[PDB]
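Data first, discussion second: the structure below is written as structure tokens.
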Amino acid sequence: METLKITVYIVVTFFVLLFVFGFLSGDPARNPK
Amino acid sequence: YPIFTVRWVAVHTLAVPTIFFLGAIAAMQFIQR
Amino acid sequence: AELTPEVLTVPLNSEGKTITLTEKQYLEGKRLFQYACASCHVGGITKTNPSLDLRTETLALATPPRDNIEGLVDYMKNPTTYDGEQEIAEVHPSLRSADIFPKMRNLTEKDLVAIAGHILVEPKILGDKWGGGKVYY
Amino acid sequence: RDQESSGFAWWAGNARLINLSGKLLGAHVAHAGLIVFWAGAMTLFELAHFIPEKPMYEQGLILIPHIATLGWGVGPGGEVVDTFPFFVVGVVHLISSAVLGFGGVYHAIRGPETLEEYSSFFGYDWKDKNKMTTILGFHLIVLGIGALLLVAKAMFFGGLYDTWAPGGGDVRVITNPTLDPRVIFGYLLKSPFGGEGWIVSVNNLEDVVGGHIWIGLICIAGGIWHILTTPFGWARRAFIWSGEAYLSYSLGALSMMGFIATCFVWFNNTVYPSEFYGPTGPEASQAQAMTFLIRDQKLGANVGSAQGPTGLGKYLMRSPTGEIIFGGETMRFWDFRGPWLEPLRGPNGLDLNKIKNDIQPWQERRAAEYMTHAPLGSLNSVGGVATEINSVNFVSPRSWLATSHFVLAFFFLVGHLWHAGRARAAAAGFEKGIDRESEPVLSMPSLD
Amino acid sequence: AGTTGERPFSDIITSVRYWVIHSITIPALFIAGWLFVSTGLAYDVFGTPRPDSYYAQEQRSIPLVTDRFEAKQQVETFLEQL
Amino acid sequence: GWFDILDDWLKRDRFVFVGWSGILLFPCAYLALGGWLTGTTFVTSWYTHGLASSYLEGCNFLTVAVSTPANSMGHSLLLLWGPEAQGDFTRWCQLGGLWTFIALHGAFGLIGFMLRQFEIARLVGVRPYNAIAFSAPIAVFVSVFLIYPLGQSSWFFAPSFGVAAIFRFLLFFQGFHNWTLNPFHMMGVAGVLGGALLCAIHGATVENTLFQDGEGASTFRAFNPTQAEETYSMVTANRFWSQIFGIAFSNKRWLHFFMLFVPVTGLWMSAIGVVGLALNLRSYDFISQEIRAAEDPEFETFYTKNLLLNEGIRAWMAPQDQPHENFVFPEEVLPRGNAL
Amino acid sequence: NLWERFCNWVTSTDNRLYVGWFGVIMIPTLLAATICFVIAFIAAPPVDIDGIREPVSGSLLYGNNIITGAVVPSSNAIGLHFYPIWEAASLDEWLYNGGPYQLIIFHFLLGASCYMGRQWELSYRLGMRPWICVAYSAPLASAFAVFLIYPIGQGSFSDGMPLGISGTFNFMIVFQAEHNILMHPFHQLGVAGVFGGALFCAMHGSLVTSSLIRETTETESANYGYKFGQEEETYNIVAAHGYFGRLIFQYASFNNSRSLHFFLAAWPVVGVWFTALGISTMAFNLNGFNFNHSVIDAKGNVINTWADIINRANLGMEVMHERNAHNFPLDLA
Ligand code: CLA
Ligand code: CLA
Ligand code: CLA
Ligand code: CLA
Ligand code: CLA
Ligand SMILES: CCCCCCCCCCCCCCCC(=O)OC[C@H](COP(=O)(O)OC[C@@H](O)CO)OC(=O)CCCCCCCCCCCCCCC
Ligand SMILES: CC1=C(/C=C/C(C)=C/C=C/C(C)=C/C=C/C=C(C)/C=C/C=C(C)/C=C/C2=C(C)CCCC2(C)C)C(C)(C)CCC1
Ligand SMILES: CC1=C(/C=C/C(C)=C/C=C/C(C)=C/C=C/C=C(C)/C=C/C=C(C)/C=C/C2=C(C)CCCC2(C)C)C(C)(C)CCC1
Ligand SMILES: CC1=C(/C=C/C(C)=C/C=C/C(C)=C/C=C/C=C(C)/C=C/C=C(C)/C=C/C2=C(C)CCCC2(C)C)C(C)(C)CCC1
Ligand code: OEX
Ligand SMILES: [Cl-]
Ligand SMILES: [Cl-]
Ligand SMILES: [Fe+3]
């Protein structure tokens, strides 16, 4: 179970970091005009 | 402009009894058992 | 059906003496009951002890008898168990413990008579609904 | 001031104030007066309807309990000893509203519509990132001082009401506030779920005061920071810099705080004393199981070995981690803590020996009281469950405070989504629709 | 849309002759309704029981209609025992 | 001819169109509305249900109603000149004559309105799909207010015209019919909720795919009824939902036909199920699970739980909800869980 | 410029299904909740929802059909406690206590919230107006109310709406007996929102279809009179307004398609917003109107109304719901 907890924690962190860094990557500029 | 029309009757058929009914219910608020 | 004087006529003591309350007196005893009793005694029951209710038949078998004005006023001053073996004013609202039950402070002698009366009058109107429970709702 | 020259209709007429710093200032000061007005008007209202011998939660009071929590006009057990501080709070807030309203109306219909060509200090442009952060810094320091006022009140000016005070609840002066970051910032890192409860689980005034000291310093320091600096590059590329955008940022914040205040007033009985606000949901349920445990034990029942219908203990059972807890449905509320129940708490939970011997009459009264004052009531204020008959006129202040602010919190989230999305679109240049001769999709390839 | 031909409601309710007429007619209908209840005429017209006309002094038994064709007399005999 | 002269007058372009259908619609509809307003203000239900149901008695807007006739009346028309009322207006109200009055005049009102829809559509020059769609409310009214009580013992078990009275009708159908377990109501739910979804998602999509046909921030002014161009981008709206939801509308005509289809079909389906309930032909149980549960006292689902709730509803509301049955339930026979 | 390539594909408008940064969270969570739901709905063992050692079967393999099948809420013993898999000694314990329920709804609520944000994102990428997500907030708030907000106020996820058809009905019936949701003005606005929504949906659908300009014959569908992306409107709003304006009166009809369509969005969304808040406010026990024994005659006898009849029905659900879970006379939790 400890192994599972660590695995999920790492998985979640990975995706959350994608969300934060992704929107921090000049999202307002990403528009047709 | 015409005074008494079909619309005139359509109004007063709802208008006249409504005010009469509103007055009735208004008097009911002072009824004590 | 109206609130006739015979309905408002409740026993005074335990030897047959009676008293006829007024309509306003009943409305006062109703208002005061909601003020300091209803929290535990809605409809004549007892939420914190459903084994005991405010039914006239129940009050009569209590010790001392509580099926009269003299009995109820005394209970509101010095409440006891159903057998009257011990005093319970320390856990039940009363004049004796109005310090820990602040709602009983401003209650006069007149206020106690009206409440006692309402407790006796109500089952004469609602019947078994008084002290019956959710079954008679 | 018309749609032909503004672009906005009458129902969006307040959107004409975006580029009018003068009128907009008057609108924010006038609305500010409305808030202080209600604060004073409602206070005097509650006082005029206030009955000293009755609990505050039986009279539908929400403002007086806030004042009473600050230790004003209350004594041992939370009993009212003086109604005058309540009166003062009402009058002063009411008097101040006239001042705010006066300037609010002035700046709105008489004052200059723009502050840019009047005073460069008060004049502001939304695009001006350096000006905005400066104003942000100012108000930050304002909030920091305000939190220190609570600290000053608790440590130097009478103190606060402590429901956890020894020998019963009372007004107590906080001498040793918790400054330990492992405790203060410990709350911020706690789980929001059961048994943890995030920052809502603060159960001592020492942590409350110490917390506001940190917030008091952090806001002042942060205020000084945003005044002496300008937004970094990554920040400038991550945000939308416009008036409506800043609004949506604050709307999201207030929405979040709204949900937080809801859970706080519903669960916490420390800064929301049950003496004033009435028992919480968990508290009332725990109090019921307590009441019939006491009653039945008096009758000769052995509450420890008493088996319920389902095999579980009728009065006492175990939590999933082993702690001895009340039986029945209230098993869910086993994380409840209260100054009337903790005396019966041991190292393994509820101690059976204390239960059999050390239950005091004031605990029996308190349990029965809270049991018969559960935060359950109808919209027309009828106490009890929905199947109850008309007799008791009661709805807990907790129910009023929790429901009202949840509604506001939700709509402000909607307000966040509305004003944020539009801010994005307006900054990009298509909030008023799609250009017919330059439709983006038409220039995009097919999906298949 | 155009307009059908009748006189616009806007100008009528803003006309003086209208409110000269309807400052009398509207309150009179209101008072008439008030008098219909305060006199107790409403009770006798529709047969709605007065607060003291639901039960007798010692009954809780509902005066419920049990017959179909003799239902009129069954209601009348209920009104009699009051 | 006099017929042609009258036809001209009836079909005159007025503020309120009349037509031939107006001769049936307007009086019936006025009596249905007026009859309800009259009953909920003055008329009681003390002799039919043993209930107060007017403002005159102390009821509020949520509790007032025009209640159904007593069960002893059966499926009587209860005409004012009928053998029950015998010309007496007062007795007529006390017996529940106003319920049939509203139900019947209201029925022919609905007929008049649907006819009005046909008539106007013929004069204007448009297809009668609005009248067709209105068949669903009618099918509902007929099945519930007419067919269902006709299938039962009397008008008594029809809905009473009132807010709380309808709520009674809802809970009755749960406790006795287990109406939630019926697939025909389920299809109705999907039609209503699905209709609300379509209504919300269409208006939102159109409003958020608008072309820029103005310089104002409020885009309502940027439209003209006589314009020939679309006001929103169907192309952009199609790509959006294609990437968000996976599928999307590509044909405007099929879209608005589908918006007719979903809620109309749903109501018709729920109407069919009510017809079944008129004969107590319910989807009350699953025999497979009753056999299992009766043999195995450890088998439990949310289905068996709801039936316990229905049993509670029935035993606890029946004596007062059906006072003509003279039900007397001693406390000891009432189905109760522990403590409560 | 390698991380930039990833960002471009994520925010790409040329994907068959838009991903987006909201989708980066949405896709895993929704897949997690969906996969667990399908497995639990079919093969999950009985669950002790009321926390009284009385397991309730919800899966197909344990004697349920589609109608009676459900994923059962977590145990009352758990309450609001966070209960992941790694907090259990074994999967057997986790399944017995209603583990799957929390896993699904939490991944779902997160996924659904990102779904709303994803709607804003694409609209921003396409140059649209962004308020379609605001309309989706109405059903999303409703889901939050029955899955998250109501369990919070009541103090247990066991009082959350079960993931099943019959379980849903159980949620509705118990709710009425305790909150009188029918006599609550917010559910009534919700009913007015969904009835009106269905009405207006049928209404708008019929009027546009009726005013369709003839482009086809009798031997083909009328839908082929419209081509995808055409400049001209397929119907005549002038004729449609002419009809509906005479059905009632012209000033009760819309001549503005933008104003009309806005109403189509506003009415059911606002309505569902209220019924969402209804559940959310009744979660803190601010219940529906109580008019029990409100009417009293001169003597004092209670003159029943339709409300008192509703009460009798509520009594029936109350005394029977969870027949073994109550040990004390007042139902608070
Ligand atoms: C801090 C709060 C705040 C502020 C400062 C603003 C400011 C603004 N909003 Mg925003 N908004 C907010 C919160 C806020 N909003 C919230 C919480 C929501 C979600 C409900 C919205 C939803 C919203 C929309 C949908 C729109 C705006 C728009 C606007 C602009 C015009 C506002 C206007 O003219 O209103 C005029 C005010 C009214 C017409 C009165 C409304 C009254 C409501 C409907 C009922 C109130 C009931 C009351 C509480 C109780 C009953 C009382 C009654 C019985 C007497 C302006 C930039 C507009 C915009 O985009 O402009 C660019 C626009 O279209 N807002
Ligand atoms: C919190 C509420 C609030 C506030 C503070 C404001 C404030 C403002 N609105 Mg807005 N507005 C609001 C709500 C509010 N609005 C709502 C709900 C709506 C929807 C109906 C609108 C619709 C709307 C429109 C359509 C417009 C404004 C505009 C304005 C601005 C100019 C108003 C003006 O010239 O009035 C002129 C009115 C008067 C001179 C009459 C008297 C007004 C005063 C303030 C009365 C004070 C009474 C008070 C008791 C006095 C106390 C005195 C003290 C000493 C005790 C002003 C900044 C205008 C704008 O943007 O202009 C650029 C504009 O066109 N508003
Ligand atoms: C949000 C608050 C606020 C802001 C930003 C402004 C800003 C402005 N006001 Mg306005 N004003 C306000 C509130 C505000 N006012 C209020 C509430 C009133 C009612 C008393 C007035 C009455 C008023 C008048 C009568 C006039 C202005 C004018 C001005 C301008 C010049 C001010 C100046 O030079 O001050 C310089 C600073 C001072 C004179 C000393 C200020 C000392 C302060 C008040 C001591 C207390 C500080 C303490 C922290 C306050 C706590 C408040 C509490 C609610 C938290 C400027 C555009 C003038 C203008 O526009 O002329 C064309 C003008 O004639 N204001
Ligand atoms: C009212 C409060 C407030 C506001 C509105 C702002 C606003 C701003 N600050 Mg300032 N700031 C404040 C208070 C505030 N600050 C205070 C009091 C301090 C002292 C500590 C600072 C210290 C500070 C610094 C040091 C910096 C800013 C900067 C900024 C800018 C960028 C902020 C940003 O990107 O946030 C977005 C936040 C993030 C991207 C953080 C990562 C995301 C986390 C994980 C969110 C977690 C949320 C979740 C719900 C959990 C919350 C609970 C708990 C676990 C934390 C912006 C102008 C930046 C700048 O450019 O200044 C010139 C900068 O570097 N601020
Ligand atoms: C469009 C008009 C219309 C329609 C369709 C209806 C329809 C109905 N009304 Mg309503 N009603 C109307 C207008 C209408 N009403 C108006 C304007 C009023 C106010 C004055 C009323 C007042 C009213 C009352 C008071 C009652 C009804 C009732 C009824 C129902 C029974 C009617 C009946 O048996 O008629 C029978 C009559 C006919 C079908 C007419 C037949 C005509 C043909 C040509 C035969 C001609 C015979 C010839 C002249 C010989 C005569 C006899 C001779 C040999 C002696 C029915 C649902 C009853 C009800 O609802 O009870 C619950 C009831 O009591 N109505
Ligand atoms: C101002 C009050 C706002 C109340 C909350 C918002 C309700 C209406 C919005 C619902 C969103 C639907 C999904 C998006 C639908 C959508 O995309 O709408 C699009 C529509 C188009 O507006 P524009 O884009 O032209 O203008 C938006 C801004 O730029 C201002 O011009 O927006 C509006 O009409 C806003 C109307 C504000 C006024 C609305 C008041 C309605 C509520 C009144 C009170 C009712 C109480 C009922 C109680 C029973
Ligand atoms: C802008 C605008 C607006 C708004 C405005 C406002 C909002 C204002 C406010 C204002 C205000 C906010 C005001 C206030 C005032 C207050 C006052 C004026 C107060 C006074 C007080 C007093 C007088 C007191 C007295 C007393 C004493 C001293 C003691 C106690 C008791 C008594 C009561 C005796 C509007 C929308 C309308 C429109 C236009 C625009
Ligand atoms: C006083 C007190 C206390 C304390 C408190 C504290 C200390 C607090 C703090 C607090 C804090 C310190 C908070 C913070 C927060 C944060 C936040 C809230 C954040 C947010 C963020 C955001 C919102 C972002 C967003 C985004 C993303 C996600 C990505 C990129 C883009 C953007 C930017 C949009 C205690 C409890 C002890 C006790 C009681 C009293
Ligand atoms: C039965 C009958 C009949 C009939 C009669 C009628 C037709 C009557 C009518 C009556 C009427 C026709 C009445 C009316 C009434 C009305 C009313 C009573 C109204 C009320 C209203 C209100 C109350 C309002 C409310 C509201 C709304 C809704 C809006 C929002 C807010 C408020 C709250 C303001 C005849 C003789 C032929 C024959 C024999 C039988
Ligand atoms: O768990 Mn599911 O439902 Ca809420 O209330 Mn108490 O807990 Mn039981 O009874 Mn009724
Ligand atoms: Cl229990
Ligand atoms: Cl159940
Ligand atoms: Fe459309």
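The way I read the labels, and the way they are meant: chains A, B, ... in the order of the structure tokens, residue 1 as the first residue of every chain, and ligand 1 as the first ligand shown, with later ones counted on from there.
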Within 10 Å of ligand 12, counting only C-alpha atoms and all ligand atoms, residues as a compact mmCIF listing (two decimals) with C-alpha atoms, in the first residue's frame:
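So the final result, stored in selection-v3.txt, reads:
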```txt
# COMPACT_ATOMS: atom_id res chain seq x y z
CA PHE F 302 -31.45 0.00 -2.94
CA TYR F 303 -34.56 -1.48 -4.56
CA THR F 304 -35.59 -3.43 -1.46
CA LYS F 305 -34.87 -0.34 0.62
CA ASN F 306 -37.25 1.84 -1.40
CA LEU F 307 -40.04 -0.72 -1.00
CA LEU F 308 -39.71 -0.43 2.77
CA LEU F 309 -40.15 3.31 2.29
CA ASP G 50 -24.89 2.80 7.01
CA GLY G 167 -30.01 4.46 -5.26
CA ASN G 170 -33.55 6.34 -2.37
CA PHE G 171 -31.70 9.64 -2.09
CA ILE G 173 -37.27 9.87 -0.88
CA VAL G 174 -35.17 10.13 2.29
CA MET G 317 -40.40 7.52 4.91
CA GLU G 318 -38.81 8.82 8.11
CA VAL G 319 -39.73 5.98 10.47
CA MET G 320 -38.76 3.36 7.88
CA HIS G 321 -35.57 4.76 6.32
CA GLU G 322 -32.51 2.92 7.64
CA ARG G 323 -34.62 0.87 10.04
CA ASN G 324 -31.65 -0.31 12.11
CA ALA G 325 -29.41 2.76 12.18
```
Checklist entry - If we count only C-alpha atoms, what is near residue A:6 at a cut-off of 12 Å, once residues fewer than 5 positions away on the same chain are taken out, given as a PyMOL selection string? => result (chain A and resi 1+11-13) or (chain G and resi 85-86)
Test item: residues at most 10 Å from residue C:128, only C-alpha atoms, excluding those fewer than 6 positions along its chain, as an mmCIF file with C-alpha atoms, in the first residue's frame:
```
data_model
loop_
_atom_site.group_PDB
_atom_site.id
_atom_site.type_symbol
_atom_site.label_atom_id
_atom_site.label_comp_id
_atom_site.auth_asym_id
_atom_site.auth_seq_id
_atom_site.Cartn_x
_atom_site.Cartn_y
_atom_site.Cartn_z
ATOM 1 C CA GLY C 44 -47.100 17.284 25.405
ATOM 2 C CA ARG C 55 -50.952 13.804 29.650
ATOM 3 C CA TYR C 136 -51.069 11.559 16.000
#
```
Next on the checklist: Any residue with an atom at most 7 Å from ligand 5 counts, using only C-alpha atoms and all ligand atoms. Which are they? Put them as an MDAnalysis selection string.
Outcome noted: chainID F and resid 23:25 27:28 77:81 97:98 100:102 104:105 108
Selection above as a file: C-alpha atoms, as a CSV table (one decimal), in the first residue's frame:
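That gives us again_22.csv:
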```
chain,number,residue,atom,x,y,z
F,23,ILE,CA,-65.6,30.7,-29.5
F,24,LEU,CA,-64.5,27.5,-27.7
F,25,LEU,CA,-61.2,28.5,-26.2
F,27,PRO,CA,-64.9,30.9,-22.5
F,28,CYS,CA,-63.7,27.5,-21.4
F,77,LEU,CA,-69.9,14.5,-14.0
F,78,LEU,CA,-71.2,16.4,-11.0
F,79,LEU,CA,-73.1,18.9,-13.1
F,80,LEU,CA,-74.6,21.9,-11.3
F,81,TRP,CA,-78.0,20.8,-12.5
F,97,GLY,CA,-68.4,20.2,-8.3
F,98,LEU,CA,-65.8,22.8,-9.1
F,100,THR,CA,-65.0,18.6,-12.6
F,101,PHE,CA,-65.9,22.1,-13.6
F,102,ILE,CA,-62.3,23.0,-14.0
F,104,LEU,CA,-63.9,19.5,-18.0
F,105,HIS,CA,-63.9,23.2,-19.1
F,108,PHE,CA,-62.2,21.8,-23.9
```
Checklist entry - Near stretch 13-23 of chain B, counting only C-alpha atoms, which residues have an atom at most 7 Å away, once you skip same-chain residues fewer than 6 positions from it, shown as a list in words? => result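 Answer for this query is residues 26, 29, 30, 31, 32, 33 and 34 of chain E.
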Checklist entry - Could you name the residues that touch stretch 362-368 of chain D at 12 Å or less, counting only C-alpha atoms, but leaving out those on the same chain fewer than 6 positions away, as a ChimeraX atom specification? => result /C:39-40,46-49,88-93,97,100-101 /D:77,167-168,274-275,278-279,283-295,298,338-344,355,374
Those same residues, written as a PDB file, in the first residue's frame with C-alpha atoms?
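Written file, again_16.pdb:
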```
ATOM      1  CA  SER C  39     -38.019  23.026  23.507  1.00  0.00           C
ATOM      2  CA  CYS C  40     -38.429  19.752  25.404  1.00  0.00           C
ATOM      3  CA  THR C  46     -40.691  14.988  26.334  1.00  0.00           C
ATOM      4  CA  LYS C  47     -37.820  14.876  23.845  1.00  0.00           C
ATOM      5  CA  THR C  48     -35.107  14.292  26.460  1.00  0.00           C
ATOM      6  CA  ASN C  49     -37.225  11.602  28.155  1.00  0.00           C
ATOM      7  CA  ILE C  88     -34.467  17.342  40.077  1.00  0.00           C
ATOM      8  CA  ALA C  89     -34.437  21.145  39.878  1.00  0.00           C
ATOM      9  CA  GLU C  90     -30.714  20.878  39.132  1.00  0.00           C
ATOM     10  CA  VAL C  91     -31.538  19.344  35.735  1.00  0.00           C
ATOM     11  CA  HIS C  92     -35.050  20.706  35.144  1.00  0.00           C
ATOM     12  CA  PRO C  93     -36.123  24.368  34.676  1.00  0.00           C
ATOM     13  CA  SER C  97     -32.925  26.911  39.701  1.00  0.00           C
ATOM     14  CA  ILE C 100     -29.011  28.023  35.691  1.00  0.00           C
ATOM     15  CA  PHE C 101     -32.306  28.280  33.797  1.00  0.00           C
TER      16      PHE C 101
ATOM     17  CA  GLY D  77     -20.607  31.150  30.811  1.00  0.00           C
ATOM     18  CA  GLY D 167     -14.091  26.442  35.259  1.00  0.00           C
ATOM     19  CA  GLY D 168     -16.353  27.261  32.332  1.00  0.00           C
ATOM     20  CA  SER D 274     -21.852  27.427  20.999  1.00  0.00           C
ATOM     21  CA  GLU D 275     -22.914  29.649  23.896  1.00  0.00           C
ATOM     22  CA  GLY D 278     -25.788  27.456  19.343  1.00  0.00           C
ATOM     23  CA  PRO D 279     -24.438  23.900  19.050  1.00  0.00           C
ATOM     24  CA  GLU D 283     -22.342  18.689  18.677  1.00  0.00           C
ATOM     25  CA  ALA D 284     -26.128  18.377  18.876  1.00  0.00           C
ATOM     26  CA  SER D 285     -26.011  14.782  17.649  1.00  0.00           C
ATOM     27  CA  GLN D 286     -23.277  13.922  20.151  1.00  0.00           C
ATOM     28  CA  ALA D 287     -25.341  15.669  22.830  1.00  0.00           C
ATOM     29  CA  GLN D 288     -28.342  13.427  22.134  1.00  0.00           C
ATOM     30  CA  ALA D 289     -26.404  10.188  22.583  1.00  0.00           C
ATOM     31  CA  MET D 290     -24.965  11.772  25.730  1.00  0.00           C
ATOM     32  CA  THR D 291     -28.426  12.602  27.087  1.00  0.00           C
ATOM     33  CA  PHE D 292     -29.919   9.118  26.775  1.00  0.00           C
ATOM     34  CA  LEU D 293     -26.703   7.521  27.986  1.00  0.00           C
ATOM     35  CA  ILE D 294     -27.103   9.531  31.189  1.00  0.00           C
ATOM     36  CA  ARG D 295     -30.841   8.851  31.489  1.00  0.00           C
ATOM     37  CA  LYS D 298     -29.517   6.299  35.972  1.00  0.00           C
ATOM     38  CA  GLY D 338     -16.505  20.255  23.014  1.00  0.00           C
ATOM     39  CA  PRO D 339     -15.757  21.809  26.432  1.00  0.00           C
ATOM     40  CA  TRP D 340     -18.663  19.812  27.902  1.00  0.00           C
ATOM     41  CA  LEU D 341     -17.567  16.438  26.511  1.00  0.00           C
ATOM     42  CA  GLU D 342     -13.770  16.555  26.874  1.00  0.00           C
ATOM     43  CA  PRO D 343     -13.911  16.082  30.677  1.00  0.00           C
ATOM     44  CA  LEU D 344     -15.108  12.531  29.927  1.00  0.00           C
ATOM     45  CA  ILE D 355     -18.975   8.051  32.495  1.00  0.00           C
ATOM     46  CA  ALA D 374     -29.897  21.193  16.900  1.00  0.00           C
TER      47      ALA D 374
END
```
Item to check | Neighbourhood of ligand 13 at 10 Å, counting only C-alpha atoms and all ligand atoms, reported as a list in words | outcome: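 Counting only what the definition allows, namely only C-alpha atoms and all ligand atoms, the set is residues 199, 202, 203, 205, 206, 207, 232, 252, 253, 255, 256 and 259 of chain F; 201, 204, 205, 207, 208, 209, 235, 257, 258, 260, 261 and 264 of chain G.
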Mind running chain F against chain D at 8 Å and telling me each contacting residue's nearest atom pair with the distance in Å (one decimal), counting only C-alpha atoms, chain and number ascending, as a tab-separated table?
```
residue	atom	partner	partner_atom	distance
F:208	CA	D:433	CA	7.7
F:209	CA	D:433	CA	6.8
F:210	CA	D:433	CA	5.0
F:211	CA	D:434	CA	4.3
F:212	CA	D:433	CA	4.2
F:213	CA	D:433	CA	7.7
F:214	CA	D:432	CA	7.7
F:215	CA	D:7	CA	7.0
F:216	CA	D:7	CA	3.9
F:217	CA	D:7	CA	4.8
F:218	CA	D:8	CA	5.4
F:219	CA	D:432	CA	6.4
F:233	CA	D:434	CA	7.9
F:235	CA	D:441	CA	7.4
F:236	CA	D:441	CA	5.9
F:239	CA	D:441	CA	7.7
```
Next on the checklist: Any residue with an atom at most 6 Å from ligand 8 counts, using only C-alpha atoms and all ligand atoms. Which are they? Put them as an MDAnalysis selection string.
Outcome noted: (chainID A and resid 20 23:24) or (chainID D and resid 184:185 187 199 202 207:208 211:212 215 238)
Item to check | All residues 12 Å or closer to residue C:65, only C-alpha atoms, same chain fewer than 5 positions away omitted, as an NGL selection string | outcome: :C and (11-15 or 56-60 or 70-75 or 80-84)
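Considering only C-alpha atoms and all ligand atoms, the residues that reside within 8 Å of ligand 3 can be listed as residues 22, 25, 26, 28, 29, 96, 99, 100, 101, 102, 103, 104, 106, 107, 111, 112, 115, 118, 119, 122, 123 and 142 of chain D.
With distances taken over only C-alpha atoms, D:330 is the one residue among D:229, D:443, D:330, D:348 lying closest to chain G.
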Checklist entry - Within 6 Å of ligand 7, counting only C-alpha atoms and all ligand atoms: which residues, as a list in words? => result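 The neighbouring residues of ligand 7 are, in order, residues 27, 30, 31, 33, 34, 91, 94, 95, 97, 98, 101, 105 and 108 of chain D.
Each of C:50, C:117, C:64, C:16 was compared to chain G using only C-alpha atoms, and C:50 turns out to be the nearest.
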